[PDB]
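Here is how the chains run, residue by residue.
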Amino acid sequence: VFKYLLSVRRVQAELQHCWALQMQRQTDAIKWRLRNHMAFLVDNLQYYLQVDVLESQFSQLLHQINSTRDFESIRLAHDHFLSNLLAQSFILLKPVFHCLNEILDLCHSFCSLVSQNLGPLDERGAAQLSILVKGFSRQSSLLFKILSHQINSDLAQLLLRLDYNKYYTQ
Amino acid sequence: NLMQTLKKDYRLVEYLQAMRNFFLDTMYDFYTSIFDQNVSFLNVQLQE
Amino acid sequence: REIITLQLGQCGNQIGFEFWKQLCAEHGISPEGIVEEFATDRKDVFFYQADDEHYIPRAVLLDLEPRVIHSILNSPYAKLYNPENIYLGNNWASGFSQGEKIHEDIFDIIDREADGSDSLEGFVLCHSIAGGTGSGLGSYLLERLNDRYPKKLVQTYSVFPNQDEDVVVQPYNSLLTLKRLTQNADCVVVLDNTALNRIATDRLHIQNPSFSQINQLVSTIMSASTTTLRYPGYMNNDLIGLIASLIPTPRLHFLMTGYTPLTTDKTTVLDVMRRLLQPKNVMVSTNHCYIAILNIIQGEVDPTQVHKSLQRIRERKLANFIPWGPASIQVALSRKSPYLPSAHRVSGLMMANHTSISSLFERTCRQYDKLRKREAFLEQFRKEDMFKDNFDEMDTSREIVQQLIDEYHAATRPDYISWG
Amino acid sequence: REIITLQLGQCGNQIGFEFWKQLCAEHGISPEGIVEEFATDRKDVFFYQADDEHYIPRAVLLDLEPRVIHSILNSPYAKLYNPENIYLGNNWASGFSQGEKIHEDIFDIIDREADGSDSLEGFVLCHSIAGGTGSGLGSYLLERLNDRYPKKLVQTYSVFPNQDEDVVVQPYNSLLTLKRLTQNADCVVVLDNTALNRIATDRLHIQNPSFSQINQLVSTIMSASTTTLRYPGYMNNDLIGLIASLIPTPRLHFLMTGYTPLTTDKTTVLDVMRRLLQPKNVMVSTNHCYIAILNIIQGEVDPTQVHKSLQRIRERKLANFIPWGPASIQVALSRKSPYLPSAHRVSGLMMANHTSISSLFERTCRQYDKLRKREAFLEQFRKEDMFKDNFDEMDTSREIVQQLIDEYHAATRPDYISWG
């Protein structure tokens, strides 16, 4: 859990670094700005979702700890804590995991690629730029389709995106 | 004994009373929206 | 992190004083600098720590031909900070030329606190557009901090001067300063003096004492802008974490305001959310659509009715966003501020990008075109002639802001995948 | 749904206060607004929900030259609502002209609660005919709400002033207000002050304290009018579901009243049904026949003797209805109200259309014709001269109500398939 949480947390800051590069500064720059903002949304949403399950589950853990005088329920509370946490990270389910990994990988390569030149890259940057925008659209819609369980926060978040129908048309 | 613990705690009759309160004030507002559709559109109306 | 706040001009120093006084009210501190012994939270967000339970606020005040700065000076709120940074025409060129010569010593005062500050995040400008001495001076200083600091962030709290009418060089001043605002500022918070006048005449029936009640509303918005940082939240505890979602591109970086009461003389988070959507409750006055919104709530916490409300503002369908993008209005929850009595325990705040302000910009552009063609309203002083003999820099500024209007209207379209 | 109740005039504010106090008695709430913690039912039928177990009742009170409103004001029942809506000649033209100028601010007070109300069904008028200041003012305001709201329903609880005799402009006031009542109101509930005086002298031997006991009878009828909505029934849980059967056409929209005890100092539902048929038990005093009746029972429930009683009131043959139509007296059963001690656990209520009130209307018409020909009873003030120099609007009003009498008598006939 620490490994995954730091993976997405690692991505967020260097995306802000790309933001800091672009704001101080053509066709080629503005497409980077659009792709940067569009990536920033979904990468923020992922972390914030894990935060919701952390905040909500921790209270039940502490409450059950503070309401009993028996060991077996405490060990049981640790088990339940783990089961719901690992479920909500979707590390138990493989396609959704095998897509969010690729989101992180494309963002890593994107951060490096924009940081390389502080002028717009028309020297083979367009070649990787088209590959990255197509792959990012593909993966974002695929993982979103897989998620779109039976709980309350998880549903209400999805429906934020289809107030626009932008991860149904991408 | 078995009847006693099935009418309290896994109590059937409360579920039944609710069932005949899902038809039959509150449901006026509920019906009027359906009159003028989607299967989630009903859901958001019921959940309030 | 830490942010040094920068105030100049008469009105800008008034809001700097008002904000720092309000933060003295918000934290458990005396107006003399002494922290209270009946006090959890952070009181180091913008404050240099001296010993005598003294958190000295990190604010640099600037003046030019001072009138109101003397009235700011004689106060019990002048003993909180003032590390001795006081240093001494109503045109843009007046402020620009007078800042031109003395830039080095005020920048030395800046560098003083810069090496004094171990940590840094940004610089906040308390500016007023068409304030006379503030105009020109503020844009010049903005150019200097940008030139010296490509590693820092700049956010500017600035007025949009429109009070339905006399100063005739006002669109010229606003045009030049907005040119500097677009290309030399990282973050812009704009408000309408007309809209705040409207809400002041809403909540009461005043017409003459508008300034003090305007100070009330602006202090509420400025405190709400910083509540997530001054009180320990979880995200946007930095300026940049707050800023990054709001700007999709640095031609669209102008940010909107909101405060949920109209009159400040159980409601769920949905209700303030849905009416913070309404433009009668927005403090800044084809179809315009929002490019990104972030909302901030401080008050009563319903732990599950957040997502229930979220599904509700979805299916309400009051606000349809940008076509060519995944644009959401986004939720932030913070602690309601202790150490002060508070009416309206639930209070809301919106930051958004909207295309509606391009109307205000073309209003100023059309007024500038009218006065420029009519040719009696530049008011022909030695400042303007020494600054530019041929007066083409204003023409270039109008060209750039017209280009910005074109960018605004092209972003308004469902297709902004191509440039322009 | 939700209904904002609207009271004006001295007597109308007295019934507004009395009804809201009685609803405080009926629901498990304090007179201060606090809901009781020893309390199923709905307490949101007309109430804005504040937090402190506070359901704030949604009622707007209006006054003109206030006398009794001050006595209403000093009360523990003034802490339930009063969202600060107090705002300040005995002729119709006096109330009409004084409402003419101040219509906008009281309508702004209306719009306040209108946007405050998420849900809405109707507006209830607490009116008094020939009450002086209430007359004219109420008809003017009725015209304004009708003009502003073609999407809402209006029901008016109004007195018919007849106490067997001094005010000589009374038939003029009643004539004009009834003109506004016929064409600007959706629902009319009328009662006879003479009949309530008769039943008051029936149950006791009072002559001087008639007003308070009249308040008792009217509160019983007004609570019985709303019991199906305030307590969860199944049909006529809306105003419009109750109203729709009762009005066959909007010239026949005047509704009759009933309360089954005479003295309020096992009987089956048949008995109260059959005597709610009797005109000695009706609280409003050729052959007249009912156009539609609806009866409402709250009390002891015999689950099969309802239809047995129905066959019985059929074959009793006490009431033969309209010839040219399928007109039934119809049965409604509701819960008897908890949270208060109650004498007469079975209580009945009738709403009907009857042609008998056209007699009362032609009584007022004949009195108006007599005083108008005799020409000393308009009382010739500046209000009436500024309102109409030639005084033809009263003549037009008499013409329209005479046309209405003709419509009444033609509906009385077995043939009303042709117009008129």
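What counts, and where the lines are drawn
Note on numbering: every chain is counted from 1 along its sequence as written, possibly out of step with the entry's scheme, and residues lacking coordinates are dropped from view. Chains and ligands are labelled sequentially in the order written, the chains with letters from A and the ligands with numbers from 1. Because the shown chains make up only part of a larger assembly, each value pertains to the shown part and nothing beyond it. Each side-chain value is derived from all of the structure's non-hydrogen atoms; neither hydrogens nor water enter the calculation. A run of H or I in DSSP becomes a helix once it reaches four residues, and a run of E becomes a strand once it reaches two; helices and strands are each numbered from the N terminus. Atoms counted for the radius of gyration: C-alpha only. Globule rule: 2.2 Å times the number of residues to the power 0.38. With a 1.4 Å probe rolled over the protein chains alone, any residue whose accessible area is under 20% of its type maximum counts as buried; one over 50% counts as exposed, and the rest are partly exposed. Computed by Shrake-Rupley with a 1.4 Å probe, the accessible areas treat only the displayed protein chains as cover when residues are assessed. Neither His nor the chain termini are counted; the positive set is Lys and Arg, and the negative set is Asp and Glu. To locate a charge, the coordinates of NZ of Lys, CZ of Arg, CG of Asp or CD of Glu are taken. Think of a patch as exposed residues, more than 30% relative accessible area, with no salt bridge, where like charges cluster within 9 Å and nonpolar side chains (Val, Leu, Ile, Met, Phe, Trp, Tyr) cluster within 5 Å. Salt bridge, as used here: a side-chain nitrogen of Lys or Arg that lies within 4 Å of a carboxyl oxygen of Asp or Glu. Contacts: residue pairs with any heavy atoms within 4.5 Å of one another. Defined here as a combined quantity, buried area equals the accessible surface (1.4 Å probe) lost by two parts on assembly, summed across both. By the convention used here, strands pair only if DSSP detects at least 2 bridges between them. Angles run from 0 to 180 degrees between N-to-C directions of axes, and those axes are lines fitted to C-alpha atoms, restricted for helices to the stretch in contact. By definition, any crossing whose near helix is turned counterclockwise from its far helix by less than a right angle is left-handed, and any crossing with a clockwise turn is right-handed. Residue classes follow a fixed rule: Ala, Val, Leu, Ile, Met, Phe, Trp, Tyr, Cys and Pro count as nonpolar, while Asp, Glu, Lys and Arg count as charged, and any other residue, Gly among them, counts as polar. Two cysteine sulfurs form a disulfide in these notes if their separation is within 2.5 Å. Geometry of aromatic contacts follows a simple scheme: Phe, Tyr and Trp rings, the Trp one being its six-membered ring, pair when their centres are within 6.5 Å, and the pair is stacked under 30 degrees between planes, edge-to-face over 60, tilted otherwise.

Header annotation of the entry names cryo-EM as the structure determination method and lists the resolution as 8.1 Å.

Under the annotation held in the PDB entry, chain B carries the name Gamma-tubulin complex component 5 and is attributed to Homo sapiens. Per the header of the deposited record, the title is "Structure of recombinant human gamma-Tubulin Ring Complex 10-spoked assembly intermediate (spokes 3-12, homogeneous dataset)".

You'll find chain A entered in the PDB entry as Gamma-tubulin complex component 4, with Homo sapiens given as the organism.

1. Side note on the overall build of chain A
Scanning chain A for helices and strands turns up six helices and zero strands. In chain A, the succession of α and β elements from N to C terminus is α-α-α-α-α-α. A globule of 170 residues ought to have a C-alpha radius of gyration of about 15 Å, yet chain A, at 19 Å, is considerably larger. Structurally, chain A occupies a C-alpha span of about 65 × 30 × 25 Å along its principal axes. Each of the 170 residues in chain A was classed as buried or not, and the buried ones make up 45%. Summed over its atoms, the accessible surface of chain A is roughly 9700 Å², and 60% of this surface lies on carbon and sulfur atoms. Each charge sign in chain A was given a centre, from 16 positive and 14 negative side chains, and these centres are 6 Å apart.

2. Remarks on a negative patch on the surface
Where like charges cluster on the molecular surface, the negative patch consists of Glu300 of chain C together with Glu37, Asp51, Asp52 and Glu53 of chain D. Tracing the backbone shows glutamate 300 of chain C in the loop between β9 (290–298) and α10 (305–316).

3. Brief notes about the interface of chain C and chain A
The interface of chain C with chain A comprises 33 residues on the first partner and 27 residues on the second. Between chain C and chain A the total buried area reaches about 2800 Å² when both faces are included, carbon and sulfur atoms providing 63% of it. When the buried area of chain C at its contact with chain A is split by residue, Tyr234, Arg314 and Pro326 of chain C rank highest and sum to 22% of it. On inspection of chain C and its partner chain A, the count reaches one salt bridge.

4. Things to note about the pairing of strand β1 (residues 3–7) of chain C
Residue and element names in this part refer to chain C. With respect to burial, β1 is a largely interior element, five of its five residues being buried. Residues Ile3, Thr5 and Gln7 line one face of β1 and the alternating positions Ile4 and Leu6 line the opposite face, and both faces are buried. In the sheet, β1 pairs with strand β5 (residues 122–126) via five bridges, with the strands oriented parallel. Across the sheet, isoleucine 4 pairs through a bridge with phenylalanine 123, a residue of β5. Strand direction decides the pairing type here: β1 and strand β4 (residues 59–61), joined by three bridges, are parallel. The partner of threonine 5 across the bridge, within β4, is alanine 59.

5. Quick look at the packing of helix α9 (residues 269–276) of chain D against helix α10 (residues 305–316) of chain D
A pair of packed helices is characterised by two quantities: the angle between their axes and the separation of those axes. Residues and elements named next belong to chain D. Across the interface, α9 lies against α10 with an axial gap of 10 Å and an inter-helix angle of 35°. The two elements α9 and α10 cross, and the hand of that crossing is right-handed. Here α9 contributes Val269, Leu270, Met273 and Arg274 to the contact with α10, which in turn contributes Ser309, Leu310, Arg312, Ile313 and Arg316. When the residues that make up the contact of α9 with α10 are grouped by side-chain class, the tally is five nonpolar, one polar and three charged.

6. Some points on the pattern of salt bridges
Two side chains carrying opposite charge are able to pair once their charged atoms lie near each other. Residue and element names in this part refer to chain C. Under the counting rule described, the total for this entry stands at 38 salt bridges over all chains. In this structure, the salt-bridge partner of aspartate 147 is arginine 144, at a minimum N-O distance of 2.4 Å. Taken as a pair, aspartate 147 and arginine 144 lie in helix α4 (residues 134–148) at a separation of three residues, close to a single helical turn. Note that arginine 314 is salt-bridged to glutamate 315, the shortest N-O span being 2.9 Å. Each of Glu2, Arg42, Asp44 and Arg58 takes part in one network of salt bridges that share partners.

7. Describing the sheet that holds strand β11 (residues 347–354) of chain D
All names here are of chain D. Spatially, the three strands line up as an open sheet ordered β10-β9-β11, and their pairing is mixed. Edge strands, defined here as strands with exactly one partner in the open sheet, are β10 (329–334) and β11. Pairs of neighbouring strands in the sheet enclose a mean axial angle of 15°, with direction left out of account. Pairing between strand β9 (residues 290–298) and β10: six bridges, direction parallel. Following the sheet pairing, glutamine 298 is matched in β10 by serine 334.

8. As for the state of the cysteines
All names here are of chain D. Within this structure, the stated rule accounts for zero disulfides over all chains. Lacking any disulfide linkage, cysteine 126 is separated from the closest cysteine sulfur, that of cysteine 11, by 12 Å. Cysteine 126 sits in the buried class, given a relative accessible area of 8%. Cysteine 126 supplies the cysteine sulfur nearest to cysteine 187, a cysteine that is in no disulfide, at a spacing of 14 Å.

9. A short note on the arrangement of the chains
No other pair of the four pairs of chains in contact has as many contacts as chains A and C. There is a clear gap between chain A and chain B: no contact, and 12 Å between their nearest C-alpha atoms. A gap remains between chain A and chain D, which never touch, and the nearest two C-alpha atoms on either side lie 23 Å apart.

10. Points about the side chain of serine 158 of chain D
Residue and element names in this part refer to chain D. Relative to the elements of secondary structure, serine 158 occurs in strand β6 (residues 153–160). Take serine 158: its relative accessible area is 4%, and that puts it in the buried class. Other than its neighbours up to four places away in sequence, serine 158 contacts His127, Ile129, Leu181, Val188, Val189, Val190 and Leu191.

11. A short note on the packing of aromatic side chains
Under the defined criterion, the tally for this structure stands at 39 aromatic pairs over all chains. When the centroid spacing of 6.0 Å and the interplanar angle of 40° are considered together, the rings of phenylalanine 361 of chain C and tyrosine 408 of chain C count as tilted. Taken together, the residues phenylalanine 361 of chain C in helix α11 (residues 357–374) and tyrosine 408 of chain C in helix α13 (residues 393–412) connect sequence positions 47 residues apart. Here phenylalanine 361 of chain C falls in the buried class, since its relative accessible area comes to 14%. Here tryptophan 324 of chain D and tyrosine 416 of chain D contribute two aromatic rings whose centre-to-centre distance is 5.3 Å and whose plane-to-plane angle is 45°, an arrangement assigned as tilted. Separated by 92 residues along the polypeptide, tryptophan 324 of chain D in the loop between α10 and β10 and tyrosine 416 of chain D in the segment after α13 (393–412) bring together distant segments of the chain. Taking the relative accessible area as the measure of exposure, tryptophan 324 of chain D reaches 29% and is therefore partly exposed. Judged by relative accessible area, which is 19%, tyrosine 416 of chain D ranks as buried.

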